[PDB]
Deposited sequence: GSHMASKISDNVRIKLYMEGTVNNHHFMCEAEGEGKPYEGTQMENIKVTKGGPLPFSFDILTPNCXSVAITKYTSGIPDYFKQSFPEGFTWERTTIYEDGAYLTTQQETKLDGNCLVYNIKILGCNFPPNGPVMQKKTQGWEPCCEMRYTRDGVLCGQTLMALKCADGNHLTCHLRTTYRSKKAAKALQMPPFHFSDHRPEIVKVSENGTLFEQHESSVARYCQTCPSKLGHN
């Protein structure tokens, strides 16, 4: 994959019985870990819920992998990969995702399927009273030949409070595991941001910065990474 790539995204889902579709065009810098997308709600807009719950579903090939840690995602191309996940919100809501990532020439294509349920109608998400995500840190480890990840995230609320959730993910390379160099346990910092909302809340300018690393703030007395 090159240093610069364009992004094409297609999304479809149903949350609390509300069907919607999204489409996006953007660009990314795979080795710099930076991405930008202009995401449009093509159907079912304006959504009866905060767009924030959709953001984290829109990036794992665009991450700056440091310290010589093998890159499970960039190694997967041209074949590409898929990933599956369930996000559990502290107030009882569940959002499950299935995504396919492929590289068509120099354009990264994301195909997303979503099913969400039990979001409280008076909660901050359904009342559209959230104000974006705080940055987060994902824990990544191998299991059964695939790469897994778990993340704790926190949504900023109008009240000043934070609505927390838990993501449990399984990343699946379309390439036979044997043809890959599996990584050791590591982390990935992520900072999702929505810097612009327009067209009556149906078009969002979203950005992302992410870096894969080891724990670099706390030295190891046993000589481990």
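Missing from the model, relative to the deposited sequence, are the stretches 1 to 7, 66.
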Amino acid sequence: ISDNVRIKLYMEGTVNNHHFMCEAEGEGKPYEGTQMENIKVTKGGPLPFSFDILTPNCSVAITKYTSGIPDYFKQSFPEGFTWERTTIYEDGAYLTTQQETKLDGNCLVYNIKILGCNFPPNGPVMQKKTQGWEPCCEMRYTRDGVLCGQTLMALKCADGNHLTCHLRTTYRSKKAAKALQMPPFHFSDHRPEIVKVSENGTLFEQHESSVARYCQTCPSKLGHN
From here on, numbers count along this sequence of modelled residues.
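Between 100 to 108 and 117 to 125, it is 100 to 108 that carries the larger average Cα temperature factor according to the deposited entry. Legend: mean Cα B-factor per stretch from the PDB entry, 168 to 176 versus 47 to 55; the higher mean is in 168 to 176. When the modelled residues of the chain are ordered by C-alpha B-factor, residue 163 sits in the lowest third.
When the modelled residues of the chain are ordered by their C-alpha B factor, residue 186 lands in the lowest third.
Residue 77 sits in the highest third of its chain by CA B factor, as recorded in the PDB entry. Per the PDB record, residue ranking by Cα B-factor puts residue 17 in the middle third of the chain.
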